[PDB]
Amino acid sequence: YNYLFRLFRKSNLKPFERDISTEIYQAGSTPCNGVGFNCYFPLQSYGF
Amino acid sequence: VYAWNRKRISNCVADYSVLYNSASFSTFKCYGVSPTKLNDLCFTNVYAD
């Protein structure tokens, strides 16, 4: 579980761009405010 | 559920965003289609299983 990828983002990365942030996503009309439905954590692990 | 019932929708226009913006639905998913993009898309027929 030490290997991961970003599964959620609002826009695609530009050439050689990188993103460290663990900010909570909003996949739909949930009034998310960092806290659940559509409120996904942005990374997933591979779990190889 | 072994013999589910089908309703047909045809020859009309709609807002689909209600299917997740309404408090009436506990869970919503789409396959081969995006939840916002429903309001821009078109289909030959819609069948509700």
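Read-outs throughout are calculated quantities, based only on the coordinates presented, and are distinct from any laboratory measurement. All Cβ positions, even for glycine, are placed from backbone atoms using ideal geometry, and neighbour counts span all protein chains on display.
Out of chain B, which trypsin sites (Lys or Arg not before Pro) are coil in DSSP terms and have no more than 11 other C-beta atoms within 10 Å? All intermediate terms of the calculation are to be shown ahead of the outcome.
Working: sites: B:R6, B:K7, B:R8, B:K29, B:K37; in loops: B:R6, B:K29.
Answer in residue order: B:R6, B:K29.
At a Cα cut-off below 21 Å, give the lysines reachable from B:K7, other chains included and same-chain residues fewer than 8 away excluded.
B:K29
May I ask for the longest run of chain B untouched by chymotrypsin sites (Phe, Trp or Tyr not before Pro) that are loop-located per DSSP and have at most 10 neighbouring C-beta atoms (other than their own) within 10 Å?
In short, B:5-24.
Work out, in µm²/s and without decimals, the Stokes-Einstein translational diffusion coefficient of chain A at 37 °C, 0.692 mPa s, Rh from Kirkwood over C-alpha pairs.
Roughly 273 µm²/s, to the nearest whole number.
What FRET efficiency do you get for A:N2 and B:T27 if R0 is 35 Å and r is their Cβ-Cβ distance, rounded to the nearest 0.05?
According to the calculation, E is roughly 0.65.
Any chance you could check the Cα centroid distance between the range A:6-29 and chain B for me, in angstrom?
Cα centroid to Cα centroid, the span is 28 Å.
Can you tell me the Rg and Dmax of the protein assembly as shown, counting just the alpha carbons, in angstroms?
18.0, 53
Report, in cubic angstrom per residue, the convex hull volume of the C-alpha atoms of chain B.
So the per-residue hull volume is 114 Å³.
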